[PDB]
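Chemist: Structure in structure tokens, see below.
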Amino acid sequence: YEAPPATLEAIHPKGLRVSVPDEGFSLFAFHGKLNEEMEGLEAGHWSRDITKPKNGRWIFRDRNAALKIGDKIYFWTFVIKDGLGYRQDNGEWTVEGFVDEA
């Protein structure tokens with residue numbers, strides 16, 4: 001196992017939302033793109049690091065993600081729980097959830 005599945009929603013064409021279930025992490029890193037996959041684990045388009053959860057889980061929101069039900073995502077994420085260190089791979093997520101940046 002390497003970090004839980006990320007719940008990437010589908011916000012309006014003016015951003016996006018991506019949250020994940022916290023099981024004891026202390027640091028989170030978000031670096032992915034849209035309708036485009038990267039190689040050699042590099043910094044795609046998005047770049048940020050969550051140094052603290054919110055509401056019990058690590059929630060994130062962008063303002064440059066213009067996608068809609070039907071799109072896809074391919075990237076990875078870095079985490080740090082109990083000083084172990086985890087990260088998701090495969091880079092593949094289909095949009096199947098809408099949301100509002102309100």
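Identifiers in this document derive from the order of the structure tokens: chains are assigned A, B, ..., residues are numbered from 1 separately in each chain, and ligands are numbered from 1 in order of occurrence.
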Quick one: residues within 7 Å of residue 3 of chain A, only C-alpha atoms, excluding same-chain residues fewer than 4 positions away - as a ChimeraX atom specification?
Modeler: /A:86-88
Chemist: Can you write just those residues out, C-alpha atoms, as a PDB file, in the first residue's frame?
Modeler:
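Result file is selection.pdb:
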```
ATOM      1  CA  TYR A  86       4.296   7.640   1.031  1.00  0.00           C
ATOM      2  CA  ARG A  87       3.238   8.573  -2.501  1.00  0.00           C
ATOM      3  CA  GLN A  88       0.567   7.583  -5.021  1.00  0.00           C
TER       4      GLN A  88
END
```
Chemist: Could you list, as a list in words, every residue within 9 Å of segment 34-47 of chain A, counting only C-alpha atoms and ignoring same-chain residues fewer than 3 positions away?
Modeler: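 After dropping sequence-adjacent residues, the list is residues 29, 30, 31, 62, 64, 65, 66, 67, 71, 72, 73, 74, 75, 76, 91 and 92 of chain A.
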Chemist: One number please: atom CA of residue 85 of chain A to atom CA of residue 48 of chain A, in Å, one decimal.
Modeler: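 A separation of 17.0 Å between them.
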Chemist: Enumerate as a ChimeraX atom specification all residues of chain A assigned to strand (DSSP E or B) by DSSP on the backbone, naming them with the chain letters and numbers the document uses.
Modeler: /A:7-8,10,17-21,25-31,48-50,54,57-58,61,72-73,76-81,86-88,93-94,98
